[PDB]
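Enquirer: Provided herewith is a single structure, encoded as structure tokens, for subsequent inquiry.
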Amino acid sequence: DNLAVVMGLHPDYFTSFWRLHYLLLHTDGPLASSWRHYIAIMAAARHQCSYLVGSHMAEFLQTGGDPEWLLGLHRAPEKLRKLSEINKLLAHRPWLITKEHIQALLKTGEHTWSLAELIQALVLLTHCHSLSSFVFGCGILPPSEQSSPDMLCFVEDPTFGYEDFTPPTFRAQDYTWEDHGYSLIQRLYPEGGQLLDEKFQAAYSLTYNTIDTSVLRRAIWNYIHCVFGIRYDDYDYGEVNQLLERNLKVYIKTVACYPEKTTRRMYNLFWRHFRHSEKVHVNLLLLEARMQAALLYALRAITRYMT
Amino acid sequence: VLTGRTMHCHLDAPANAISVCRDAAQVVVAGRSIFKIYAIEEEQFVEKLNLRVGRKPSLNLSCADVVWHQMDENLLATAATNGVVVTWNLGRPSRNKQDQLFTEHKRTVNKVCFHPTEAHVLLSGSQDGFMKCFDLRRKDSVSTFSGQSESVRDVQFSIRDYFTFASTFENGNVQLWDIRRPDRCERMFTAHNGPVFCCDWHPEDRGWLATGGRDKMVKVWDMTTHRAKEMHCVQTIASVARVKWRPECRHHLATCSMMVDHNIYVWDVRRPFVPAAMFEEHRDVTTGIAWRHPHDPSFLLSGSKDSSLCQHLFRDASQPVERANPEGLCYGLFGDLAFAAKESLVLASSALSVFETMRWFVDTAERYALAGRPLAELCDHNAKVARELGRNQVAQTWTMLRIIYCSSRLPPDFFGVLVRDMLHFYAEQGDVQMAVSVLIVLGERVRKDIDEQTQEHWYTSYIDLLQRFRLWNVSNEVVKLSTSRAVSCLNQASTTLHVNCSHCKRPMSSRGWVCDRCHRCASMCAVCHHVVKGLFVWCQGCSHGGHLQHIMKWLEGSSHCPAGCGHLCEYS
Amino acid sequence: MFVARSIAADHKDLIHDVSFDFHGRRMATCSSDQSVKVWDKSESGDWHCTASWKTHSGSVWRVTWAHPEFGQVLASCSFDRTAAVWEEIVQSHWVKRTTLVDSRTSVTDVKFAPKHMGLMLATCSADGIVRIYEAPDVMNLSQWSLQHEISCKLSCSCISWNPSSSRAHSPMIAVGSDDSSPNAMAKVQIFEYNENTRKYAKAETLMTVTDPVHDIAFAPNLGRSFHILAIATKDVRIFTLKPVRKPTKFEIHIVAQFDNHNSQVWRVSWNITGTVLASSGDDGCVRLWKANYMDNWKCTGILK
Ligand SMILES: [Zn+2]
């Protein structure tokens with residue numbers, strides 16, 4: 001596909017991303033392939049990105065799916081309909097997530113889920129959300145207008161988007177992907193843990209050269225984790241300002257929340273005579289930083305319920 | 001000595017650090033929103049001082065590690081997640097024990113230790129891979145040896161050799177430094193895959209270090225030699241944190257988990273697959289464990305995140321070894337009994353044997369006859385077979401049935417109500433062979449006298465029994481001519497192969513041997529070169545085949561595909 | 001008189017279960033060192049090990065086979081609070097398929113449903129939850145769904161299905177407790193499936209059993225109209241669950257009570273056809289029992 005060429009700017013990240021995609025969408029697991037494609041379409045339809053939904057409709061149809069399910073969402077199994085509000089929360093406001101949703105999800109009945117399928121569903125939802133963010137923040141034509149060398153609705157409550165600043169906040173040093181979050185996934189999802197970890201270390205390996213490297217990426221990481229709300233414990237936010245600039249902050253705080261609005265002029269002036277690879281690296285680190293906080297919120301929600 | 005029993009103390013906030021004094025009477029439970037010091041009495045435990053008395057809602061004093069120092073009775077030091085280290089002196093005269101503060105650390109500090117003899121030394125571990133040492137001289141507060149590795153997670157000083165110390169890192173390499181020569185390390189070996197969260201030196205021996213990591217491993221290393229080696233490996237069910245040796249017993253380890261598991265285990269090291277004790281009272285992950293005195297193993301103090309401080313005792317454990325099931329039994333189709341039991345009833349291993357303790361079933365199934373002869377001949381043949389096998393009570397039933405059916409006179413239905421009970425008699429003992437056999441032999445005469453569900457039950461049970469012995473011929477002979485319609489339809493579903501030509505690609509319709517379009521003889525043998533009208537054999541790789549017997553004969557002496565092809569359609 | 005031929009398992013810790021598959025020619029042994037071994041029969045007449053690997057991160061308690069129709073499939077429960085399903089792929093390649101991770105405390109028993117209603121699996125839990133799984137697509141062994149869950153308000157330590165294959169016995173399950181509570185609460189319970197409410201419901205409770213239960217086993221039917229249950233609490237016991245003509249109501253009766261062991265009885269088994277019953281106590285001997293057409297059970301062999 002076209003997105004592969006743009007993503008292949010560096011080789012230390014494409015292999016990890018391809019591995020995670022192959023595990024999530026094609027390797028056998030607790031959910032059928034058609035169900036996986038359907039939840040991928042549902043997740044991607046939240047930012048109204050048509051590249052992924054188009055690429056996924058054909059895959060759903062070619063894998064024994066039911067054409068009757070694509071005439072809307074009311075004609076889907078009630079088990080998959082119970083995921084709508086959790087998807088809604090994970091998309092744009094993940095701070096307001098708690099135990100009520102997960103208990104309703106694992107509530108006994110006929111459409112009752114199991115704890116070995118919910119984890120894969122959550123990982124797929126977060127992956128599709130962040131992929132849509134990348135696609136609309138590095139615009140790809142169905143080949144990017146950014147640089148140089150029908151759809152129906154499928155949504156519950158489309159008039160819900162990203163709210164303001166945050167409220168009890170989050171002290172990220174009391175819950176880290178290292179000590180314990182990785183431990184919980186390694187037990188629920190034995191193979192999908194090390195692939196995420198490899199992807200995160202790869203996203204941390206890339207460093208910029210335009211002028212001490214690490215501080216630049218730290219600013220991006222902390223800024224996005226704050227606009228979602230993960231407040232750290234070793235940072236002075238007065239140092240966040242004179243690392244980025246408004247020409248490089250409206251872009252970031254527009255793609256992270258509502259990437260459906262990013263036009264040619266929205267990028268046209270990023271900064272200076274950039275090498276066009278550092279900008280791709282910046283648009284890439286956002287993928288990991290945005291898929292990290294939501295996963296941490298979901299893992300906290302999981303762990304409160306089994307304690 | 002010491003005295004006391006199991007206890008509780010419900011706290012105000014979650015806690016993740018504990019330390020004990022030299023008097024073996026004080027606990028210094030700390031954490032994120034609490035810093036108290038406790039005094040434990042034989043009945044209850046009462047708070048003695050609240051160190052957060054000059055309260056200020058600031059991050060200046062959090063806690064991730066507290067270390068009590070045994071040279072005096074006031075020297076205490078805490079590690080904050082703000083990167084600053086705050087030491088305390090309980091001898092200060094106002095209501096504030098703070099003595100000296102340190103801010104020579106980049107990001108955060110994780111573990112703080114002292115050194116047993118000298119009182120002016122204080123180590124510190126960081127997140128920047130920058131371990132540092134301090135002194136009592138205020139100006140002199142720098143010795144910043146670094147290891148080019150990731151975050152430091154635990155530092156500990158040796159017991160006997162009071163010049164060196166250990167340290168553990170995030171990638172999984174354990175190091176060894178010496179205060180006199182802080183330039184280069186003395187050793188570095190890759191202990192785990194993943195971070196190592198804890199370490200503890202052996203009280204007794206000269207150099208014996210135990211590390212626990214996220215990989216659910218506990219390893220004990222011998223560092224006496226030039227190169228280290230691993231002797232024991234205890235496998236736990238979750239990530240390991242805060243491993244501590246027990247006192248006066250040189251082969252026991254007390255390890256707590258960092259997620260999922262709420263319990264606390266003591267292991268025997270010699271036996272690594274099963275613990276020795278199981279403390280299960282906490283309702284969340286425990287965070288700190290410390291043995292009260294290093295010369296009297298009875299008591300362990302262990303706080304947790306559930307806002308609880310506990311002082312459980314060894315005697316009142318929940319041992320899993322004495323609550324196990326030592327044996328296992330199973331039968332077999334041939335009357336073979338497998339019995340396994342540990343060698344304390346016939347203690348860390350078990351021995352098993354197979355006891356070679358229904359032959360008539362097979363011969364009765366083979367030799368019986370069910371169709372193709374008149375009723376009298378069938379009954380006579382079955383009676384002769386039953387007699388020759390050794391069972392006469394079975395043999396005479398066949399002859400009686402023949403007399404009953406194959407003869408004014410007696411009423412016609414006289415034996416109906418009577419033959420109807422022999423079926424139930426033979427069925428209610430597990431011998432469904434007879435019931436099914438006589439049902440098949442008689443058929444329409446007796447069919448409308450046994451309930452349909454009972455007939456299905458007998459048919460299915462007999463069929464399963466026959467299939468267990470790999471008697472497929474008899475198993476299908478029962479299905480083909482069984483009385484019940486729902487039973488005599490089992491080899492009638494998905495047993496028709498769809499076959500098409502490999503030249504014109506179209507499906508071979510009807511019942512013939514010539515393609516509609518290609519006009520060729522598709523079903524041509526590879527060896528016969530004749531036309532195959534009956535059984536055709538196929539190869540999934542070669543896509544070749546022909547008559548069954550010819551291909552059998554060819555594959556007995558050859559090893560290649562008969563059609564030239566070249567692909568050996570039997571891998572050796 | 002059986003001949004006790006011993007084989008060297010070479011397990012590094014205890015052995016907790018042995019199971020024959022469907023044909024009597026392969027067995028599987030689970031140990032307490034996170035290993036499962038498979039032994040096949042030779043024409044010479046001896047068992048040799050053909051497969052061994054590391055299954056769990058705890059102590060494997062049970063291993064059970066499935067029907068050959070669904071393939072060569074194994075299941076195991078462990079102290080690491082999980083349950084797994086393995087398949088043999090053609091040399092000896094045993095591959096992991098799923099990891100049933102819903103439990104919270106531990107899993108004590110695991111049993112496959114009789115192979116006339118699908119590929120269904122029931123697992124117990126020390127907290128007192130019995131869960132029933134299912135695989136709608138018989139051939140993908142990676143897609144398992146949770147259909148029902150039963151809370152019995154007591155510690156669970158054993159499980160056993162009803163092998164009766166007739167269309168007159170709604171499927172039912174039996175669970176055994178191991179709680180050493182001071183009160184004499186019943187420690188064996190029976191649940192049965194109701195066709196119209198799509199839900200498992202309590203059928204009857206064995207009130208006479210007020211002692212800890214270590215094993216529960218049904219007897220194969222093969223044409224009988226009633227059911228037989230064997231319990232090994234502290235002496236071998238055999239019950240009868242004849243129903244009433246049309247949940248359902250059973251009239252429970254006591255048929256055997258054998259204190260011959262003078263110890264605690266651990267595990268029991270049934271022969272192939274519900275005629276002979278085995279037992280295993282702390283004395284280290286197996287014992288066989290049988291009926292005598294007066295329903296007068298009596299011993300029929302002692303094996304050391
Ligand atoms: Zn071939």
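Every chain in the structure tokens takes a letter, A first, then B, and so on in the order presented; its residues are numbered from 1, and the ligands are numbered from 1 following the presented order.
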Can you list, as number ranges by chain, every protein, DNA or RNA residue that comes within 10 Å of residue B:449 when you count only C-alpha atoms, leaving out same-chain residues fewer than 4 positions away?
Expert: B: 416-417, 419-420, 444-445
Enquirer: Compute the chain B side of the contact with chain C at 8 Å, counting only C-alpha atoms, and hand it back as a PyMOL selection string.
Expert: chain B and resi 235-237+273-274+325-335+338-342+345-346+348-357+427-432+453-454+456-458+460-462+468-469
Enquirer: List the spatial neighbours of residue A:5 as a list in words - criterion: any atom at most 12 Å away, only C-alpha atoms, same-chain residues fewer than 3 positions off excluded.
Expert: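 In the requested form, the answer reads residues 1, 2, 8, 9, 10, 11, 14, 138, 140, 143, 144, 148, 149 and 280 of chain A.
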Enquirer: Keeping only C-alpha atoms, take the residues you just selected and write them out as a PDB file, in the first residue's frame.
Expert:
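Produced file out.pdb, reproduced below:
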ATOM      1  CA  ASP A   1       0.000   0.000   0.000  1.00  0.00           C
ATOM      2  CA  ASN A   2       0.945   3.674  -0.209  1.00  0.00           C
ATOM      3  CA  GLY A   8       9.510   2.956   5.630  1.00  0.00           C
ATOM      4  CA  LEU A   9      11.495   6.129   6.237  1.00  0.00           C
ATOM      5  CA  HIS A  10      13.540   4.173   8.803  1.00  0.00           C
ATOM      6  CA  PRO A  11      14.111   0.399   9.007  1.00  0.00           C
ATOM      7  CA  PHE A  14       8.832  -0.671  10.001  1.00  0.00           C
ATOM      8  CA  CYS A 138       0.853  12.467   7.269  1.00  0.00           C
ATOM      9  CA  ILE A 140      -1.947   9.750   2.219  1.00  0.00           C
ATOM     10  CA  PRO A 143       1.793   9.732  -2.776  1.00  0.00           C
ATOM     11  CA  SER A 144       1.579  12.140   0.161  1.00  0.00           C
ATOM     12  CA  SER A 148       7.968  15.003  -1.961  1.00  0.00           C
ATOM     13  CA  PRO A 149      11.015  12.805  -2.798  1.00  0.00           C
ATOM     14  CA  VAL A 280       8.137  12.062   9.755  1.00  0.00           C
TER      15      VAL A 280
END
Enquirer: Which one of B:283, B:154, B:252, B:109 sits closest to chain A if you count only C-alpha atoms?
Expert: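 That would be B:283, the residue with the smallest distance to chain A.
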Enquirer: Nearest to chain C among A:306, A:216, A:199, A:246, with distances taken over only C-alpha atoms: which residue is it?
Expert: A:306
Enquirer: Would you list the residues that come within 9 Å of ligand 1? Count only C-alpha atoms and all ligand atoms and give the answer as a list in words.
Expert: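 The distance check yields residues 538, 539, 540, 541, 542, 543, 544, 545, 560, 561, 562, 563, 565, 566, 567, 568, 569 and 570 of chain B.
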Enquirer: Please produce a file of those selected residues containing N, CA and C atoms, as a tab-separated table (two decimals), in the first residue's frame.
Expert:
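Contents of the output file out_12.tsv:
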chain	number	residue	atom	x	y	z
B	538	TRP	N	-5.71	-41.32	-5.18
B	538	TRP	CA	-5.29	-39.98	-5.50
B	538	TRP	C	-4.11	-39.61	-4.61
B	539	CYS	N	-3.30	-38.66	-5.08
B	539	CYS	CA	-2.19	-38.14	-4.30
B	539	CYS	C	-2.37	-36.64	-4.16
B	540	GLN	N	-2.23	-36.13	-2.94
B	540	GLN	CA	-2.46	-34.71	-2.71
B	540	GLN	C	-1.36	-33.84	-3.30
B	541	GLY	N	-0.15	-34.38	-3.43
B	541	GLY	CA	0.93	-33.62	-4.03
B	541	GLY	C	1.07	-33.86	-5.52
B	542	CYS	N	1.21	-35.13	-5.91
B	542	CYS	CA	1.38	-35.48	-7.31
B	542	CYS	C	0.13	-35.24	-8.14
B	543	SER	N	-1.05	-35.23	-7.51
B	543	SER	CA	-2.33	-35.20	-8.22
B	543	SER	C	-2.43	-36.33	-9.24
B	544	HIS	N	-1.93	-37.50	-8.86
B	544	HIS	CA	-1.93	-38.69	-9.69
B	544	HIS	C	-2.63	-39.83	-8.96
B	545	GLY	N	-2.75	-40.96	-9.64
B	545	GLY	CA	-3.36	-42.13	-9.05
B	545	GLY	C	-4.02	-42.99	-10.11
B	560	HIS	N	8.75	-43.78	-6.52
B	560	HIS	CA	8.43	-42.61	-7.32
B	560	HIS	C	6.99	-42.69	-7.80
B	561	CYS	N	6.49	-41.56	-8.28
B	561	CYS	CA	5.14	-41.52	-8.83
B	561	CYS	C	5.10	-42.31	-10.13
B	562	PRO	N	4.12	-43.19	-10.33
B	562	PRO	CA	4.11	-44.01	-11.55
B	562	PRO	C	3.90	-43.21	-12.82
B	563	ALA	N	3.38	-41.99	-12.73
B	563	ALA	CA	3.05	-41.22	-13.92
B	563	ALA	C	4.22	-40.41	-14.44
B	565	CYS	N	5.95	-37.85	-13.45
B	565	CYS	CA	5.84	-36.83	-12.40
B	565	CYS	C	7.16	-36.49	-11.72
B	566	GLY	N	7.72	-37.46	-11.00
B	566	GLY	CA	9.01	-37.28	-10.37
B	566	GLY	C	8.94	-37.06	-8.88
B	567	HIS	N	7.76	-36.73	-8.37
B	567	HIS	CA	7.61	-36.41	-6.96
B	567	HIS	C	7.31	-37.69	-6.19
B	568	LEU	N	8.15	-38.01	-5.22
B	568	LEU	CA	7.98	-39.22	-4.43
B	568	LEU	C	6.77	-39.06	-3.53
B	569	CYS	N	5.62	-39.61	-3.93
B	569	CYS	CA	4.42	-39.39	-3.13
B	569	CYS	C	4.33	-40.34	-1.95
B	570	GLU	N	5.47	-40.55	-1.29
B	570	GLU	CA	5.57	-41.13	0.05
B	570	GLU	C	6.98	-40.76	0.50
Enquirer: So that I can check the surroundings of stretch 106-112 of chain C, please list as a ChimeraX atom specification every protein, DNA and RNA residue that reaches within 9 Å of it, counting only C-alpha atoms and ignoring chain neighbours fewer than 6 positions away.
Expert: /C:61-67,75-83,119-127,156-161
Enquirer: Next, the residues of the selection above should be written as a short mmCIF file (atom, residue, chain, number, x, y, z; two decimals), in the first residue's frame with N, CA, C and O atoms.
Expert:
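Full text of out_3.cif as output:
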data_model
loop_
_atom_site.label_atom_id
_atom_site.label_comp_id
_atom_site.auth_asym_id
_atom_site.auth_seq_id
_atom_site.Cartn_x
_atom_site.Cartn_y
_atom_site.Cartn_z
N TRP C 61 -1.86 -29.90 37.70
CA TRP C 61 -2.66 -30.83 38.49
C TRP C 61 -3.28 -31.94 37.66
O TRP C 61 -3.27 -33.10 38.09
N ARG C 62 -3.83 -31.63 36.49
CA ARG C 62 -4.52 -32.62 35.68
C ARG C 62 -4.17 -32.46 34.21
O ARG C 62 -3.83 -31.37 33.75
N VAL C 63 -4.26 -33.57 33.48
CA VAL C 63 -4.17 -33.58 32.02
C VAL C 63 -5.24 -34.52 31.50
O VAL C 63 -5.38 -35.65 31.98
N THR C 64 -6.02 -34.06 30.52
CA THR C 64 -7.09 -34.87 29.95
C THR C 64 -7.02 -34.85 28.43
O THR C 64 -6.64 -33.85 27.81
N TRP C 65 -7.41 -35.98 27.84
CA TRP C 65 -7.48 -36.13 26.40
C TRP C 65 -8.86 -35.72 25.89
O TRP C 65 -9.83 -35.62 26.64
N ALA C 66 -8.94 -35.49 24.58
CA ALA C 66 -10.20 -35.22 23.91
C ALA C 66 -10.53 -36.37 22.97
O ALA C 66 -9.76 -37.33 22.84
N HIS C 67 -11.68 -36.28 22.33
CA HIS C 67 -12.09 -37.32 21.40
C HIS C 67 -11.19 -37.28 20.17
O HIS C 67 -10.79 -36.20 19.72
N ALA C 75 -5.43 -31.06 27.37
CA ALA C 75 -5.76 -29.91 28.20
C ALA C 75 -5.09 -30.06 29.56
O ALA C 75 -4.90 -31.18 30.04
N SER C 76 -4.75 -28.94 30.19
CA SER C 76 -4.05 -28.97 31.46
C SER C 76 -4.41 -27.74 32.29
O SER C 76 -4.58 -26.65 31.76
N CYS C 77 -4.50 -27.94 33.61
CA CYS C 77 -4.75 -26.87 34.56
C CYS C 77 -3.56 -26.78 35.49
O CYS C 77 -2.88 -27.78 35.72
N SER C 78 -3.31 -25.60 36.04
CA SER C 78 -2.10 -25.40 36.81
C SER C 78 -2.35 -24.39 37.93
O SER C 78 -3.39 -23.74 37.99
N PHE C 79 -1.37 -24.29 38.81
CA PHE C 79 -1.37 -23.36 39.93
C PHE C 79 -1.11 -21.93 39.51
O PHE C 79 -1.32 -21.01 40.30
N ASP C 80 -0.68 -21.71 38.27
CA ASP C 80 -0.50 -20.38 37.71
C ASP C 80 -1.81 -19.77 37.21
O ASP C 80 -1.78 -18.79 36.46
N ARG C 81 -2.94 -20.33 37.62
CA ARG C 81 -4.27 -19.75 37.41
C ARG C 81 -4.68 -19.71 35.95
O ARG C 81 -5.28 -18.73 35.51
N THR C 82 -4.37 -20.75 35.18
CA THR C 82 -4.69 -20.78 33.76
C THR C 82 -5.18 -22.17 33.38
O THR C 82 -5.36 -23.06 34.22
N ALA C 83 -5.39 -22.35 32.08
CA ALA C 83 -5.74 -23.63 31.48
C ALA C 83 -5.38 -23.55 30.01
O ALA C 83 -5.59 -22.52 29.38
N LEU C 119 -17.28 -29.59 21.29
CA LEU C 119 -15.98 -29.60 21.95
C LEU C 119 -16.08 -28.60 23.10
O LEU C 119 -15.75 -27.42 22.95
N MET C 120 -16.54 -29.08 24.25
CA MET C 120 -16.83 -28.24 25.40
C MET C 120 -15.95 -28.65 26.56
O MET C 120 -15.60 -29.82 26.72
N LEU C 121 -15.59 -27.67 27.39
CA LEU C 121 -14.59 -27.86 28.42
C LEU C 121 -15.03 -27.15 29.69
O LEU C 121 -15.50 -26.00 29.62
N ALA C 122 -14.89 -27.81 30.83
CA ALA C 122 -15.31 -27.25 32.11
C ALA C 122 -14.14 -27.22 33.07
O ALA C 122 -13.47 -28.24 33.27
N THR C 123 -13.90 -26.06 33.68
CA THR C 123 -12.81 -25.88 34.62
C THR C 123 -13.33 -25.40 35.96
O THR C 123 -14.21 -24.53 36.03
N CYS C 124 -12.79 -25.96 37.03
CA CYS C 124 -13.13 -25.56 38.39
C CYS C 124 -12.19 -24.46 38.86
O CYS C 124 -11.26 -24.06 38.16
N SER C 125 -12.45 -23.95 40.06
CA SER C 125 -11.62 -22.91 40.64
C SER C 125 -11.70 -23.00 42.16
O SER C 125 -12.76 -23.33 42.71
N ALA C 126 -10.58 -22.71 42.83
CA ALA C 126 -10.55 -22.80 44.28
C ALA C 126 -11.45 -21.76 44.93
O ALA C 126 -11.81 -21.90 46.11
N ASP C 127 -11.82 -20.71 44.20
CA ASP C 127 -12.74 -19.72 44.72
C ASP C 127 -14.18 -20.20 44.70
O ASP C 127 -15.02 -19.68 45.44
N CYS C 156 -14.05 -25.47 45.39
CA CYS C 156 -14.25 -26.51 44.39
C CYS C 156 -12.97 -27.31 44.21
O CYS C 156 -11.89 -26.72 44.11
N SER C 157 -13.09 -28.63 44.18
CA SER C 157 -11.91 -29.48 44.07
C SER C 157 -12.03 -30.63 43.08
O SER C 157 -11.04 -31.33 42.89
N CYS C 158 -13.19 -30.85 42.47
CA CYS C 158 -13.33 -31.94 41.51
C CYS C 158 -14.50 -31.65 40.59
O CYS C 158 -15.34 -30.78 40.86
N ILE C 159 -14.56 -32.39 39.48
CA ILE C 159 -15.58 -32.19 38.47
C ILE C 159 -15.71 -33.48 37.68
O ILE C 159 -14.75 -34.24 37.54
N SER C 160 -16.91 -33.74 37.18
CA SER C 160 -17.15 -34.94 36.37
C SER C 160 -18.47 -34.79 35.62
O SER C 160 -19.49 -34.48 36.23
N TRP C 161 -18.44 -35.02 34.32
CA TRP C 161 -19.62 -34.88 33.47
C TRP C 161 -20.47 -36.14 33.52
O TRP C 161 -20.15 -37.12 34.20
#
Enquirer: Give me, as an NGL selection string, the residues of chain B touching chain A, with the criterion being at most 8 Å (counting only C-alpha atoms).
Expert: :B and (81-83 or 107-108 or 214 or 238-239 or 258-260 or 283-284)
Enquirer: Nearest to chain C among A:224, A:285, A:119, A:215, with distances taken over only C-alpha atoms: which residue is it?
Expert: A:119
Enquirer: Please report as JSON lines every residue of chain C lying within 9 Å of chain A, along with the nearest atom pair and their distance in Å (one decimal), using only C-alpha atoms.
Expert:
{"residue": "C:97", "atom": "CA", "partner": "A:29", "partner_atom": "CA", "distance": 8.1}
{"residue": "C:98", "atom": "CA", "partner": "A:30", "partner_atom": "CA", "distance": 7.3}
{"residue": "C:99", "atom": "CA", "partner": "A:116", "partner_atom": "CA", "distance": 7.5}
{"residue": "C:100", "atom": "CA", "partner": "A:116", "partner_atom": "CA", "distance": 6.8}
{"residue": "C:101", "atom": "CA", "partner": "A:116", "partner_atom": "CA", "distance": 6.4}
{"residue": "C:102", "atom": "CA", "partner": "A:115", "partner_atom": "CA", "distance": 5.6}
{"residue": "C:104", "atom": "CA", "partner": "A:306", "partner_atom": "CA", "distance": 7.4}
{"residue": "C:140", "atom": "CA", "partner": "A:28", "partner_atom": "CA", "distance": 8.6}
{"residue": "C:141", "atom": "CA", "partner": "A:30", "partner_atom": "CA", "distance": 8.9}
{"residue": "C:142", "atom": "CA", "partner": "A:29", "partner_atom": "CA", "distance": 5.3}
{"residue": "C:143", "atom": "CA", "partner": "A:30", "partner_atom": "CA", "distance": 4.5}
{"residue": "C:144", "atom": "CA", "partner": "A:30", "partner_atom": "CA", "distance": 6.5}
{"residue": "C:145", "atom": "CA", "partner": "A:114", "partner_atom": "CA", "distance": 6.9}
{"residue": "C:146", "atom": "CA", "partner": "A:114", "partner_atom": "CA", "distance": 6.2}
{"residue": "C:147", "atom": "CA", "partner": "A:110", "partner_atom": "CA", "distance": 7.1}
{"residue": "C:148", "atom": "CA", "partner": "A:108", "partner_atom": "CA", "distance": 7.6}
{"residue": "C:149", "atom": "CA", "partner": "A:108", "partner_atom": "CA", "distance": 7.6}
Enquirer: Report the distance between atom CA of residue A:227 and atom CA of residue A:242 in Å, rounded to one decimal place.
Expert: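 Atom-to-atom, atom CA of residue A:227 and atom CA of residue A:242 are spaced 17.1 Å apart.
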Enquirer: Could you go through stretch 90-290 of chain C and tell me which residues DSSP, when run on the backbone, assigns to strand (DSSP E or B), listing them as an MDAnalysis selection string?
Expert: chainID C and resid 93:99 110:112 120:123 129:134 145:151 158:161 172:176 188:194 199:205 216:218 228:232 236:243 250:258 265:270 277:281 286:290
Enquirer: Could you jot down the atom CA of residue B:478 to atom CA of residue B:466 separation for me, Å, one decimal place?
Expert: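 Separation of atom CA of residue B:478 and atom CA of residue B:466: 9.7 Å.
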Enquirer: Measuring atom to atom with only C-alpha atoms, identify which of B:474, B:53, B:394, B:486 is nearest to residue B:452.
Expert: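 The shortest atom-to-atom distance to residue B:452 comes from B:486.
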Enquirer: Could you work out how far atom CA of residue C:290 lies from atom CA of residue B:390, giving the answer in Å with one decimal?
Expert: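 Pair atom CA of residue B:390 / atom CA of residue C:290 returns 21.9 Å.
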Enquirer: Which is closest to residue A:16 among A:73, A:131, A:196, A:125, if we use only C-alpha atoms?
Expert: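 Residue with the minimum atom-to-atom distance to residue A:16: A:196.
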Enquirer: Need the shell around residue B:384: protein/DNA/RNA residues with any atom at most 12 Å away, counting only C-alpha atoms. Skip same-chain ones fewer than 4 positions apart. Format as a PyMOL selection string?
Expert: chain B and resi 364+367-369+377-380+388-392+394-399
Enquirer: For each of A:297, A:208, A:258, A:228, take the minimum atom-to-atom distance to residue A:281, counting only C-alpha atoms, then give the residue where this is smallest.
Expert: A:208
Enquirer: Give the alpha helix (DSSP H) residues of stretch 81-214 of chain A, as DSSP finds them on the backbone, and put them as an MDAnalysis selection string.
Expert: chainID A and resid 81 84:92 99:105 115:137 181:188 194:205 214
